Each structure stands twice: as structure tokens, then as C-alpha cells.
There are 2 protein chains.
Amino acid sequence: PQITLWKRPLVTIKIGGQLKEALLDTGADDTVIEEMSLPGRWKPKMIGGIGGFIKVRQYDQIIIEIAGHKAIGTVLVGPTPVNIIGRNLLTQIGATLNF
Amino acid sequence: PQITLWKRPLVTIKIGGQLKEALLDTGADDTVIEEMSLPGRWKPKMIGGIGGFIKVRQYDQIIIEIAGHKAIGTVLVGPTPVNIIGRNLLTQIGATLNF
Ligand SMILES: CC(C)CN(C[C@@H](O)[C@H](Cc1ccccc1)NC(=O)O[C@H]1C[C@H]2CO[C@H]3O[C@@H]1C[C@@H]23)S(=O)(=O)c1ccc2nc(NC(C)C)oc2c1
Ligand SMILES: [Cl-]
Ligand SMILES: [Cl-]
Ligand code: NA
């Protein structure tokens, strides 16, 4: 699709069999989702956003569907205010910015 | 242009007579620029992201040139770690997300 930006670019994602809403975010290097259970091991990561830095749990090689497109990659879990799909998975679904 | 997302989508902007680098950010509702002077009236505002909130000055009806395209809108000025062009100005240059 072609998504205009008059409203937030929210899409449905599916992770762990669950549907969630997430924001397609070209200003995010990585994908960050609200607290949930994911399989496997995690590693620590610090991420800096507008209000300072927070600690998240990094899970690698996680299967996630984004707007009907399949991706398999890194998901960070932590106290983000909204689920964000960042460039690491936007690239997997072929997304570009155009003007 | 078509901007891929393998790296941060940074562009040059002109604002307040100054050239700056800024992130084209579909996850940002508003445009937020690092501390600088702008003319006219302003009012305080709080905006929240990962890490929490920062206080900014809200200036309305500010012209910005973004990658060569002029636009007008509200610009928030405050201690953001990066200059962000948010949806309120991305729409005016006709930016879309495509995949
Ligand atoms: C988290 C998003 C929902 C919103 N942000 C935009 C993001 O694209 C930021 C932009 C931004 C800010 C500060 C530093 C870098 C980028 N990304 C981000 O935090 O990525 C960071 C967090 C994580 C995400 O993936 C990696 O990217 C960095 C570090 C890791 S925001 O910068 O907090 C932001 C911007 C304008 C806004 N306008 C508003 N208005 C409200 C009142 C409706 O809120 C705003 C919040
Ligand atoms: Cl505006
Ligand atoms: Cl349009
Ligand atoms: Na003004």
C-alpha cells in the first residue's frame, strides 16, 4: 500500500499468535513492543528516546507479521508507550519513504 | 525521491535561517527541533516518548524547507536528542510510506 500521514500509520501486527496495533516508525532504528512473553533467551539493551534512556529486553529471530507481511527479526520488549515497528523490520517488509 | 530505510532517513532542513539535519519520522506526530531561537509568540508544552516527557516551546506558523520542499506548521523547540520532522510537516511535502 501507499500510506499517507494525515493520521498515525497504525497497522495490525501478529506476534506469538496475538494481534496488536503498532506504529510504523521511520524514526525508530529498532522495533519496541509493550511487555509480553516471548520465547528464548534475551540480552540487555539501552535505548534513548526523546525523554531519555530505558532498558529493554532484546529477543532475536522472532516471527512477526506486520500489516500482512512476514518478518523474522529482533524485537525489543519494554515500557514503550506505543508499539513501534522500526527500520529493522520496515526494511524486511520492503517499506520506503516517498515524496 | 524514494528513501530506503537501511539507514536513518536524514535530510537537510532550513529553519529560522539555519541549516540543520533532521530525521523524517513517521512515528512523530509533531516536529521537534533542538534548542534555537524562532521569532514570534510561543507557549509551553510537554511531549512524551520513550524515556518520558520533555518540556518544549510551541511556535505556530513557522516555515521550514525540508529537502527542498517548503512547508508551514507548528514547530516544537526543546531538548530533543535529534531534530525530528513529524507528520504535521511530512504531510505538507506529500510524504508517504510505501510497501
Ligand atoms: C516513540 C514514538 C512513539 C514517538 N517519538 C518519535 C520516534 O520516531 C523517536 C524519534 C527519536 C527521538 C529521540 C532519539 C532518537 C529518535 N524514536 C525513538 O525514540 O527511537 C529511539 C528509541 C529506540 C527505538 O529504536 C531505536 O531508535 C532510538 C533508540 C532505539 S518521539 O521522538 O518520542 C516524539 C516525537 C514527536 C512528538 N509529537 C508528539 N506530540 C504528542 C503530544 C501528540 O509526541 C511526540 C513524540
Ligand atoms: Cl501544524
Ligand atoms: Cl495527500
Ligand atoms: Na508564530
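Values below: every heavy atom of this structure, side chains too, minus hydrogens, waters and symmetry copies. A, B, ... follow the sequence lines: proteins, then strands. Residue 1 opens every chain.
Of the possible donor and acceptor atoms, one in the side chain of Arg87(B) sits under 3.5 Å from a partner among the backbone N and O of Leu5(A). Side chain of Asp25(B) to main chain of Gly86(B): no donor-acceptor pair is present (N/O by atom type, distance under 3.5 Å, no hydrogens or angles).
One hydrophobic cluster, built from ILVMFWY side chains closer than 4.5 Å, holds both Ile33(B) and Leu90(B).
Here the side chains of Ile15(A) and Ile62(A) are in contact, with some heavy-atom distance below 4.5 Å. Side-chain contact between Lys70(B) and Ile64(B) is absent, with no heavy-atom pair separated by less than 4.5 Å. At a threshold of 4.5 Å between non-hydrogen side-chain atoms, the residues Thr80(A) and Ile47(A) do not count as touching. Residues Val56(B) and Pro44(B) are not in side-chain contact: their nearest non-hydrogen atoms beyond the backbone lie 4.5 Å or more apart.
Interatomic distance, CD1 of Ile54(A) versus CE of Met46(A), reported as 8.0 Å (0.5 Å rounding). One distance of note links NZ of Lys45(A) with CG of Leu76(A); it measures 6.5 Å at 0.5 Å rounding. Rounded to the nearest 0.5 Å, atoms CG (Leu10(B)) and CD1 (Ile85(B)) are 10.5 Å apart.
In the displayed structure, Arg57(B) atom CZ is contacted under 6.0 Å by more than 12 heavy atoms of other residues, nucleotides or ligands. Other residues, nucleotides and ligands contribute over 12 non-hydrogen atoms within 6.0 Å of the CD atom of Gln18(B). Crowding of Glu35(B) atom CD: a count of heavy atoms from other residues, nucleotides or ligands under 6.0 Å exceeding 12. Remark: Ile63(A) CD1 is loosely packed, at most 12 non-hydrogen atoms of other residues, nucleotides or ligands lying under 6.0 Å away.
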request  = Could you walk me through whether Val75(B) and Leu38(B) pass side-chain contact (heavy atoms from CB on, under 4.5 Å), step by step?
outcome  = CA-CA 9 Å; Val75(B) 172; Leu38(B) 288 175; 4.3 Å; yes

request  = Quick one: do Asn83(A) and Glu21(A) satisfy side-chain contact (heavy atoms from CB on, under 4.5 Å)? Show the steps, please.
outcome  = CA-CA 7 Å; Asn83(A) 297 324; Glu21(A) 185 172 80; 5.5 Å; no

inquiry  = For a side-chain contact (heavy atoms from CB on, under 4.5 Å) check, start with the C-alpha distance between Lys20(A) and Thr12(A), then their side-chain angles and the critical distance, and finish with the verdict.
reply    = CA-CA 6 Å; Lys20(A) 301 170 186 277; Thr12(A) 298; over 6 Å; no

message = With side-chain contact (heavy atoms from CB on, under 4.5 Å) as the criterion, how do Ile50(A) and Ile84(B) come out once you've worked through the C-alpha distance, each side chain's angles and the decisive distance to 0.1 Å?
response = CA-CA 10 Å; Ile50(A) 218 158; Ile84(B) 293 156; 4.0 Å; yes

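Between the side chains of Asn88(B) and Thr31(B), at least one donor N or O sits under 3.5 Å from an acceptor N or O.
The minimum heavy-atom distance linking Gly49(A) with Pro81(B) is given by the pair O-CG, 3.6 Å. Nearest approach of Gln58(B) to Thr74(B), heavy atoms of both residues: CG-CG2, 3.5 Å. The two residues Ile66(A) and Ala71(A) come nearest to each other via the heavy atoms CD1-CB, 4.1 Å. Between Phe99(A) and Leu24(B) the shortest heavy-atom distance is CE2-CD1, 3.9 Å. Of all heavy-atom pairs between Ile13(A) and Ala22(A), the closest is CG2-CB, 3.8 Å. Across every non-hydrogen atom of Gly73(A) and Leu89(A), the tightest pair is CA-CD2, 4.1 Å.
By the side-chain contact (heavy atoms from CB on, under 4.5 Å) test, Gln2(B) is found to be paired with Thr96(A), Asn98(A), residues two or more places apart in sequence or in another chain being considered. With sequence neighbours excluded, no residue satisfies salt bridge (charged side-chain N to carboxylate O under 4.0 Å, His left out) with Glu34(A).
Ring geometry for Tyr59(A) against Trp42(A) counts as tilted: the plane angle lies between 30° and 60°, on a 0 to 90° scale.
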